[PDB]
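As structure tokens, one chain now follows by itself in the form deposited in one PDB entry.
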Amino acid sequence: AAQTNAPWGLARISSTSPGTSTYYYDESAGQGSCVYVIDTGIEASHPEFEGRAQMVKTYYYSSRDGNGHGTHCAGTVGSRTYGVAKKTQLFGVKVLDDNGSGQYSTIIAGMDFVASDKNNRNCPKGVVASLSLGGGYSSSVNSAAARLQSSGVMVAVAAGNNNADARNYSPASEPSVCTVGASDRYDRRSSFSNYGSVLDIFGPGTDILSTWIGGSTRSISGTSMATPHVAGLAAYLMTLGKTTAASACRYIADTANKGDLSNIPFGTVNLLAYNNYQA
């Protein structure tokens, strides 16, 4: 299948070269898999989700996304026009408030919740969790991420937006999950993207068009936008039976475009997510 005039990021992950505008993908499109978006919530009634999104847990007075961040990330995972895996099932978990802030105890609770809740859902092709959040180092936050990964969920987390070594941030610095850096449309490291040996992979993160609250759309930037590209890609490959939850991150690194990024510091991988599609 092919989406012409796609957002540049979707085109980029189905091509060996920058500058293309068509997104090539297999029709199965992540059907049968599930992705938990752990964020500010999801505006499930957005037409772009076609009824495939729902809220399953909130830690505040309401389950509604009063911010937009969560709705944006979810859209990149699996909305019709802006998403990698256009037929996946999306589940929203609201651990961040409408200012985009959250306590680390609440974030940990949300991760433990997904590990248990997945046993109540029908997800024959596998389960992914996408975490576009983070903060200063905490061994408790890392440990919760590692538990979630160990329970059989593919865990993707943002590297962080401090233009620094991601080893001082959590859950970015947990080695057993998949830590995602950001690139721009000219194959440069995004100027804000964290880096370092703990990074596994890069995704499109600068000027990413996606869904927003009020049934709208907007373009924003961050390692937060790169993380769902990778979460979406994992769900897509699991549906195709190419890989499993335990080994999806490594499979994505092995099959990535290599050496094509610029401004990567020594000791940071030069790998860009890539779906290897062939018609």
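Residues carry their position along the shown sequence, with the first being 1.
Separately, the form deposited with a partner chain bound exists; it is not shown, and the next lines address it.
- A heavy atom within 4.5 Å of the partner chain in the deposited complex is found for exactly one of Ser143, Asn162, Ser176, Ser197: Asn162.
- In terms of contact with the partner chain in the deposited complex, the residue from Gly134, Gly126, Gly75, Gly110 that brings a heavy atom within 4.5 Å is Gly134.
- Although the partner is absent here, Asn120 is not a contact residue: none of its heavy atoms lies within 4.5 angstroms of the partner chain in the deposited complex.
- Remark: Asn67 counts among the residues lining the partner chain in the deposited complex, judged by a heavy atom distance of 4.5 Å or less.
- The partner chain in the deposited complex comes within 4.5 Å of a heavy atom belonging to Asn99.
- Taking non-hydrogen atoms only, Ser224 approaches the partner chain to within 4.5 angstroms in the deposited complex.
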